[PDB]
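**Q** let me see the structure of the following:
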Amino acid sequence: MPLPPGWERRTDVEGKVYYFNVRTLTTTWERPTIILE
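**A** Residues are numbered from 1 along each chain as shown. Shown next is the protein structure:
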């Protein structure tokens, strides 16, 4: 499960990891899939 450029994964104080699509500025609990359009 690769992370295409423009994807970052950040951990919150809760110990949770949220995924941020930097390209569209989206904060989601969805693992970076093989390309997202």
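
**Q** now do the same contact list for residue 24.
**A** residue 6 (C-beta atoms under 8 Å, 6 or more residues apart in numbering). Heads up, the C-betas are built off the backbone N, CA and C, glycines and all.

**Q** and it, how far from residue 34?
**A** Going from residue 24 to residue 34 by C-beta to C-beta, to the nearest Å gives 17 Å.

**Q** the spatially most central residue of the chain in helix, strand or coil?
**A** When C-alpha atoms, centre = their mean is applied to the chain, the residue found nearest the centroid is residue 19 (2.4 Å). Three-state call for residue 19 (DSSP: H, G, I helix; E, B strand; the rest coil): strand.

**Q** that one reaches residue 36, doesn't it?
**A** No - between residue 19 and residue 36 there is no contact under C-beta atoms under 8 Å: 10.3 Å.

**Q** which residues of this protein fall in strands?
**A** Ranges of strands within the chain are 7-11, 17-21, 26-28, based on DSSP state E.

**Q** would TSV of the ones you listed with distance to residue 1 be doable?
**A** TSV is the format used below for the strands of the chain (distance: least, C-beta to C-beta, whole Å):
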stretch	distance to residue 1
strand 7-11	11
strand 17-21	11
strand 26-28	14
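
**Q** okay, those, which one's buried deepest?
**A** Mean neighbour count (mean count of other C-beta atoms under 10 Å) peaks for strand 17-21 among those, with a mean of 15.

**Q** pull the distance from that strand to the chain's centre.
**A** In terms of C-alpha atoms, centre = their mean, to the nearest Å, the centre of strand 17-21 is set 3 Å apart from its chain centre.

**Q** which other helices and strands contact that strand?
**A** Strand 17-21 makes packing contacts with strand 7-11, strand 26-28 when contacts are defined by 3 or more C-beta pairs under 8 Å, 6 or more residues apart in numbering; DSSP states H and E.

**Q** that strand pairs with which strands?
**A** strand 7-11 (antiparallel), strand 26-28 (antiparallel) (DSSP bridges).

**Q** if we look at the last one, which residues are touching it?
**A** Spelled out, it's strand 26-28. 18-21.

**Q** can I get these in JSON lines with distance to residue 10?
**A** Putting those into JSON lines (distance: C-beta to C-beta, whole Å) gives the following:
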{"residue": "18", "distance to residue 10": "6"}
{"residue": "19", "distance to residue 10": "8"}
{"residue": "20", "distance to residue 10": "6"}
{"residue": "21", "distance to residue 10": "12"}
